[PDB]
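Colleague: this one's experimental. Sequence and coordinates below.
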Amino acid sequence: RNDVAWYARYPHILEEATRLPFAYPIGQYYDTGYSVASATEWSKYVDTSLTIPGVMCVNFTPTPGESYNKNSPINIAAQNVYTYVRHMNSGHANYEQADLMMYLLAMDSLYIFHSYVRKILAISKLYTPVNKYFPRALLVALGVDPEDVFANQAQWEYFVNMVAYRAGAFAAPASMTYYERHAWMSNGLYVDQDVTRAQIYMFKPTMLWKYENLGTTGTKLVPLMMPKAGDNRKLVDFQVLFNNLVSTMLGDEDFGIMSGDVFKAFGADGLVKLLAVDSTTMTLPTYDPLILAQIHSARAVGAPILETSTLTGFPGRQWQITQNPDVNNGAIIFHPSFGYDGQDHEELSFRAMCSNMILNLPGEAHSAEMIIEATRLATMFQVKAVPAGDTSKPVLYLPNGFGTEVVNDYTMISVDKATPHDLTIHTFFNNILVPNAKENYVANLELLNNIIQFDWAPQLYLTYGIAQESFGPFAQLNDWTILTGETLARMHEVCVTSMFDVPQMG
Amino acid sequence: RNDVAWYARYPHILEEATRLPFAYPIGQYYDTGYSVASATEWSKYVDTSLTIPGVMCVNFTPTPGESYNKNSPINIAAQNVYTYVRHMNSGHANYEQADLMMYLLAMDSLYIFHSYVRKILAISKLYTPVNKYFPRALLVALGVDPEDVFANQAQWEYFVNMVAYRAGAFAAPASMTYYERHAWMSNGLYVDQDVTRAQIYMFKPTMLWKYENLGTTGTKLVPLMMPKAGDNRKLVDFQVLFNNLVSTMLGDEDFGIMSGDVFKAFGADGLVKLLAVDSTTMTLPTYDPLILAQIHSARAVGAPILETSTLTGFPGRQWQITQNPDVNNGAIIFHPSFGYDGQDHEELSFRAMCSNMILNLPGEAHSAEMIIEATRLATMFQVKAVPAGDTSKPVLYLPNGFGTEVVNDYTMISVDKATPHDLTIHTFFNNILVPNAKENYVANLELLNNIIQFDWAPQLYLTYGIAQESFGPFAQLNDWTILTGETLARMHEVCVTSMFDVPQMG
Amino acid sequence: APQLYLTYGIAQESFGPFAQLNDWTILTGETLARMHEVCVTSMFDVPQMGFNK
C-alpha cells in the first residue's frame, strides 16, 4: 500500500483546475452568458443579468420625542438646562426655558446640515477600483449633482467652511449626547460587512427644522425639506437652503444672548466643535456593529406632513414643534401623525406595520446598551389618527413613542441592467405594495434580491394587490424577540432622557 | 510626484483579474461557447470546437537501399561480413555471402517485430491526467484492440517474452548500427516538444520481410503486412503474424548453422540483445531532436506493392528482395517502384512530389551528422517507371536512392468533435488530394490545423481537384536548403554503407 | 501569428482558430472586459499627481 491521496499525487492538476478570477468590481453590470447556447429562443425566461447594489441611504428626521404636555422628557430637559444656564449667568435674562430648548433644537438642525454638506464634500474624494459606486452613487443618494461638486470644488469648500464658521458661532452643549449622536449618524459611511466590496449605509436628513419666530405666540419649528436622491441639485440650491435655515439667526440679538449664555454656562471646552474641511479631508467607510443593529430594526414612518400636503379629512396634521404660551401652559409640543407617503390616498402597505415588531440581534448574549441601541430607529404605531370630516382618503397613525430621530424612507442605489447601465434610484419604506401588473412582480423580486445583499438591512413587510394579504418580516432572523409598544416606549422614554442630559452645578 | 506605477499601487487587482485556468488536458473535446449569444442562428458559420491531436505515427518499411547489381552497398556489405564470418569459422561452410546477408535482413525484421509487440505491451501502462490519449490512442495507432491488451495481460507478456526467447536464439552483429537504429526508432515514444501536454510521435512498421526460401533459385524476402491503425487486432493475430514470420527459421538447420557462425565470429558480448518485459516494464516519451529532424524531412513513398495488388499496366512490380543465382550474377536485388496508394488509379497527388525537396533545420549552425540524420526518412523520385502495356491506370516512380527505411504513411490520432467524441484515424502521405466537394475543404482544413499542432511535422504538398494545381511545402521554415536527387543519393549511399558496417579481423 | 478563422462559402461552414496552441485557455467576454478595464485604468493613470501618494 502507498495510501497517499490523489490530490497529493497530482497537486498541479488541482491548482490548475481551480484558478478562477474572484473579487469582481461592484458598480458594474455583469452578463453571465448561457450554458445552453440554444436558450436565446426563450427571451425573458433565461435571466443572464447580475447587478450588485452599493448604497442604501437611511432617510431620517430629527425629533424631540413625542411631546404631549409639560411632563414630556424634552420639557423636563428644558427645565434642567435652563436651571443650569440660569444659575451660571447671574443677571437679567428675558428668554424662557422653552426658547432656550428651541434654540438648542435649531442648533441641532444646523449641525446636521453642516455635517450633511461636509459629507457631500468628503465623499467626492473616494475612489477604489473594486467598487465603481464611489463616489457618484453616494452623491446621487445625497441629492446633489455630482459633476457640480467636481467642477466647483473651491466654491463648495468655501461654502462648507463658511457654514462651519457661521453655524459654529452659536454655542451648544457637548455634554448633550444628542448632538454627538447626530454627528455620529450624519457624517459617517458604514459598511454592511468588513470587506472591500462591501455595501455602504448612509444617513441623509429628509427634512430639517427651521426656527420661524412669529408674533407673540412663541416659536414654531417648521420643516425644511432636503434634496431627495436623484435630484441633481447644485451648490446654489444648498446655499439657498442654508440661507433659509439661518435667516432668523444670523445677526439676531436674542439668539446672540442665548448663545453667549450657553457659552458662559458650558465653557469653551464643553461646547460642540464643528469640523473643518479642505482638499485633504476625506471620510472612509468604517465597520460599526451598533449602526447595523439599529438599521436592522429601523421602521420607516413615512413622509413628513407639511402645510402644502392636502391630506383629505386630516387638516392641521403638519409636523411642527410648537411653543404657544397660551396652549398647554407654554409647553413644547410635538406629536406628528405617521403613515403619510406624499400622496392623497390610502397606502395600504402601512396596515402591515400594525403588528408587533421583531427585534433581531446577532450572537446569543445581548447587552442592555446593545439592546437599547438596536431599537433607536424603530417606531411602532399604536392607534389610528381620528379622521375629522365625512370622507378621508389617507389613513394616519399615532405612535406610542419615538427616539431622537425617525426613519422616513430608504433609498437603494444600484446599476441598471439595461444599457447604458446608469444608476437606479429606488425609494421604499419597510412596507412595500405590489399591485397586480406583470411589470411589478419581477421588479419587486429584483428589489428584494437587492435588499438581501445588504447584511443588516431593514425588515420588509410586503403586501399584494390581488392576494389582499401582507406577508410578515422578510429578513433572516438569528436571535430575535417580539417587542410591544410599551416596551419600546419605555426604551424611547429612556433614550430621549439620556440624549438631552446635562450635569449639575454642584 | 510619486512616480509609482498603477500595477504596483494595486497589485491585488492585477492578480485577481488574470487568474485563469491553464493546462487543459488533451484527449478531450472542448466547446468554446459563443461570445455573441444570438449567433446560434448561423449554424456552421460559427466554429465553437477545439480538438487537439495527440499521436502521429510514422508508418515505415525497412529497406537495404536500392540494389541494382553486385556493386550495391548491401552486396559490398555482404562481402565484408562474409569475409569476417568465414575467417573466424575455420571449417566447411555451405552458404554463400548473400544467404548470410539475407539471414541478417530477416533477423532485422524479427527484431522490429519484437520491439513492436514490446511497444504494444509497454504503452499500455502509460497514464497521465493531463493527456487523455494515453494509452488507448497509442494502441489504436499500433493496430491492436486496446481492450485485448488489458484483458489478456499475462498472455500478452508470455507471447512477447517467448518472441524474445525464440528470436533471440539467432545471433546478429551489434557492431552493425542498422539493428541499433531500428531498435532506436521502433521502441521509442517521442514528444514534439519538451512539455507535459506534448504530442507523441511513433514508428510502426507497415510491412516486415518474410524469408521464403524456395527451390534452388536462392532466397526471396517477401512482404508481411502489419496491422494498420484502426484495426482492432487481438493477440491471436499477432501470434499468427509471428508464426508466419519464423515458420521457415525455427528448428531449421541452415539458419542454425548461420546463427552459430555469427555467434563464433562476433562474440556473445558483440551480439544484439533483446529486451525482456514484465509488468514493471514501461517506456516514457522522451525528447529527441534527432528524431524530429528526420520526421520533418520525411517523404512518404506510398503503399508496398504485393502479389495481390492488381496494378494495371505494371506487372511484376511487387516489392521483393531477391537472390536468384542465375540473375545479376547472384546479387541481392531490391528496387521497388513507388507512388502506389493501395488502389488501381492514378493518385494525382504524387505529381506534387516531383519537385526538389526542402531540408529544414532549427538553428543556424548545422553539423554534418545533424544534416545527415535529418535526411534519413527523405526519398525523392527521379524518373517514372515505364508502363509495360497499352493502358495504365497508376503512375509509378523510381527513386535515385533511399535509406535503411522508407516512409509509407502517417497516421494522426485525434478526437472527434461530434458525440460520443471517440478517436479518429486519419492516414495521409506528404501529398494530399482535395477533390471538389463541400465535405472536403473544411475537413482538409481541420487536417492541416491538426498537422500544424505537431512541431516538426512532415512537409505537406496539397493539390486541388478543380484548381488543377498543387501547392508547395506547407510547413514553417527556419533555416532551409534545396536538396537535389544526387546530393540525397550521396547521403543515402553513405548511410547505407555506415549502417551495415563491421570491423576487421586484424 | 494572429489566429485565423476561415469561412468556406462552398460549405456554409467556418473553421475555428488556425494556429498552433501551446498553453491556452478559453476566454469569455467578462474576463476580457475586466482585463481591458484594468489596462485602460492603468494607461490613463498619472503617478505625478497627489492621487494616493
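Modeller: Thanks, I have it. Numbers count the residues shown, from 1 in each chain, chains lettered A, B, ... in the order given.

Colleague: please make it C-alpha for all contacts and neighbour counts, starting now.
Modeller: OK.

Colleague: how about the helices in chain A?
Modeller: According to DSSP state H, chain A carries its helices in the segments A:6-9, A:11-17, A:73-86, A:97-123, A:136-141, A:146-151, A:153-167, A:177-186, A:235-245, A:253-265, A:289-296, A:368-373, A:438-451, A:485-499.

Colleague: the top strand by length along chain A vs helix A:289-296, what angle?
Modeller: In chain A, assigned by DSSP state E, the strand with the most residues is strand A:405-415. Per axes from the mean of the first three to the mean of the last three C-alpha atoms, to 10 degrees, the angle that strand A:405-415 makes with helix A:289-296 is 90 degrees.

Colleague: convert the C-alpha atoms of stretch A:10-24 to CSV, please.
Modeller: Only the C-alpha atoms of stretch A:10-24 are listed here, as CSV (Å, rounded to 0.1, in the frame of the first residue of the first chain):
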residue,chain,number,x,y,z
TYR,A,10,-1.1,15.5,-8.6
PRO,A,11,-1.4,18.9,-6.8
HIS,A,12,-0.7,20.7,-10.1
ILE,A,13,-3.8,19.3,-11.6
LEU,A,14,-5.9,20.6,-8.7
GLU,A,15,-4.3,24.0,-8.7
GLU,A,16,-4.7,24.4,-12.4
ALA,A,17,-8.4,23.3,-12.5
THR,A,18,-9.4,25.8,-9.7
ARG,A,19,-7.7,29.0,-10.8
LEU,A,20,-10.6,31.3,-11.1
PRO,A,21,-10.9,35.1,-11.1
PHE,A,22,-12.7,36.4,-8.0
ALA,A,23,-13.2,39.9,-6.5
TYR,A,24,-15.4,41.2,-9.3
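
Colleague: please identify the buried residues of it?
Modeller: A:13, A:24 (16 or more other C-alpha atoms under 10 Å in any protein chain shown).

Colleague: need the contact partners of that stretch.
Modeller: By C-alpha atoms under 8 Å, 6 or more residues apart in numbering or on different chains, the surrounding residues in contact with stretch A:10-24 are A:7, A:130, A:197, B:16-23, B:129-130.

Colleague: swap in stretch A:64-80?
Modeller: So stretch A:64-80 is in contact with A:97-98, A:100-101, A:328-336, A:401-405, A:492-493, A:496-497, A:500-502, going by C-alpha under 8 Å, 6+ apart.

Colleague: how long is that stretch from one end to the other?
Modeller: As for stretch A:64-80, its first-to-last residue distance stands at 15 Å under the measure C-alpha to C-alpha, to the nearest Å.

Colleague: quick one: buried residues of it?
Modeller: Neighbour-count burial for stretch A:64-80, counted by 16+ other C-alpha under 10 Å, picks out A:64-67, A:69-70, A:72-80.

Colleague: out of these, which is nearest to chain C?
Modeller: residue A:64 (42.9 Å; C-alpha to the nearest C-alpha).

Colleague: re earlier: from the helices of chain A, which stretch is densest packed?
Modeller: helix A:136-141 (a mean of 25; mean count of other C-alpha atoms under 10 Å in any protein chain shown).

Colleague: who are the packing partners of that one?
Modeller: strand A:55-62, helix A:97-123, helix A:146-151, strand A:405-415 (3 or more C-alpha pairs under 8 Å, 6 or more residues apart in numbering or on different chains; DSSP states H and E).
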